[PDB]
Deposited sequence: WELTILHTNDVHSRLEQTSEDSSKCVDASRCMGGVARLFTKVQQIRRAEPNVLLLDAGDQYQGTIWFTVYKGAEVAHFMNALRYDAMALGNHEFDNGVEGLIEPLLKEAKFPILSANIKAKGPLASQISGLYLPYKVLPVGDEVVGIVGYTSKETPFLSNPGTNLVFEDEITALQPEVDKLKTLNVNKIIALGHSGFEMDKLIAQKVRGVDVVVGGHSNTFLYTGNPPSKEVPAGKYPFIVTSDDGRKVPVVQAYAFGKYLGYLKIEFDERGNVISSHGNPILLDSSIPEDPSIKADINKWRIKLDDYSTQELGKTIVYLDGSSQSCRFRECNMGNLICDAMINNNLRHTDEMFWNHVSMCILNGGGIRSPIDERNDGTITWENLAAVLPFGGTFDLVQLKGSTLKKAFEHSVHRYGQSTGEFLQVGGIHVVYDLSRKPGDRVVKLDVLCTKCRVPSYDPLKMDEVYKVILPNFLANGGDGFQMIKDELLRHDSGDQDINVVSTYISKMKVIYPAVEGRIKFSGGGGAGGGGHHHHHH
């Protein structure tokens, strides 16, 4: 028995087609993704293959003005139009709190929304009762396929799920659900969830009975053969895990931003065991037409977004590299721009720290360099503030150690900086990777870079998200000596752009590796 799994993850409000770097589509002839194009490709597959599931591994929420304005109503509407079979809850589904998940998405989705490791307590349990499920058993032809969901345990430190939701360990929560499905004689099981490639591999290895893992969160690009675009594969597609019960378990992911449609054909035997699997993510480029009906509908919804001040904030003469591949791995010029905008606005303190996880998109310079509120809103969508903090040198050294504690998983804690020169030696044990850390002096008439002192006290401008233990920066929350509330993130950056008129941030050597 053959099953085709079509899968998307981390779409992040890319409802319209985008540039290849997934920023605003300007040169339409080279644009990719969008729901209109995705619908065309899905329909081509559903008409050719009999047993097809369309799955989403979370993080449909947040990324563009579509979400800022429609707050999830666009997600329900277009996922319904595309007829998704199931979606796993991602961390970003909680960005507008539980009330922002329940009302526009859980109540309007015409498909099951899943998460086996999220448990509701207090008065909320009765409200959210049955709105999301641990699993769904779906009929596929004359067969039945069990889909069991999971959401990152880290969501309380990355989003706003509230206090009445408990995030259990994925493996611990999944095992009883898979076991229940086996007693219900459901012999084919897909674990669909949002915890990142490393947890996906662990789930594949340790949850007895899982046949396939469809993930997200890490924006992992997997490919078999020569890749069709700029994304570099982390491994083959599918990635094969050898389980503890001795089975070969395919693990798949499809990058992010709706640029690819994941495609895996699985051959099961009569007893539900995977004989083989093959596929590859499909590049949703210009050669695939945008469905006319979906595109007409997208255009209808776009009208309300066309009200956003098309007025130029200023110009960039350089590519503003706010891509995750850069900003979560190394010094990125968009990170330097925001940290210098933060420092500047405050003076109008010379040290700044900014988590890569909060830099959500690049901005392209080829449109006569024009930066609009729409371009910027995709970079900084969270509506947070840039706050002032007084920190011990030891607290800062610990924050920098945390910044690279699990380097290489495309996690959000990597720090972008201002007034700091940090050198990392990744070959060293986690918690001992910071080999050099120089900071801009304050008790000096002429600023210069001097080695950080553990027993010294520094004034730093950082997002309120980091002062509140976001991205696992518990040491900042627990050890800070002062915390003053600041100005709105996006307004700080637009004003600075309007003041500078022409911007050109560079990669200068603020962050180095040894």
Per the record, deposited positions without any C-alpha are 349 to 357, 524 to 538
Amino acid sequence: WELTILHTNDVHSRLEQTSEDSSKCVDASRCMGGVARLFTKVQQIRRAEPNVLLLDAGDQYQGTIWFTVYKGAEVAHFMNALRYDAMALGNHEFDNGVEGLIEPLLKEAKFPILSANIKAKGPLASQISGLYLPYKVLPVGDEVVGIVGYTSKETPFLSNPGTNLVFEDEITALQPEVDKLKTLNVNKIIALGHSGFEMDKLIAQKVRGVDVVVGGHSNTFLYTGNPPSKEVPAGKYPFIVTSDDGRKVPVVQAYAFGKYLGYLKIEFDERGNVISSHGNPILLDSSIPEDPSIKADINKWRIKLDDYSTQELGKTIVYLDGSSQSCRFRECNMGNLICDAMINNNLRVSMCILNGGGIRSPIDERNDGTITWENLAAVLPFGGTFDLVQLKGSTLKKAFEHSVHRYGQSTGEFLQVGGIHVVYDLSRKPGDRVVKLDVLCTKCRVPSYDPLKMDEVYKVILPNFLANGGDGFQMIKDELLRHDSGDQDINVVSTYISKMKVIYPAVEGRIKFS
From here on, numbers count along this sequence of modelled residues.
Between 261 to 269 and 238 to 246, the record assigns the higher mean Cα B factor to 238 to 246
As the entry reports it, the stretch among 332 to 340 and 311 to 319 with higher mean C-alpha B factor is 311 to 319
Listed options 454, 57, 52, 42: highest C-alpha B factor recorded at 454
Among 88, 125, 138, 190, highest Cα B-factor in the entry goes to 125
On the chain's distribution of Cα B-factors, residue 470 falls within the third called middle
Residue 19: CA temperature factor from the record, placed by chain third, in the middle
Split the chain's modelled residues into thirds by Cα B-factor; residue 9 lands in the lowest
Temperature factor at the Cα of residue 428, chain-ranked in thirds, falls in the highest
Residue 70: CA B-factor among chain residues, third -> middle
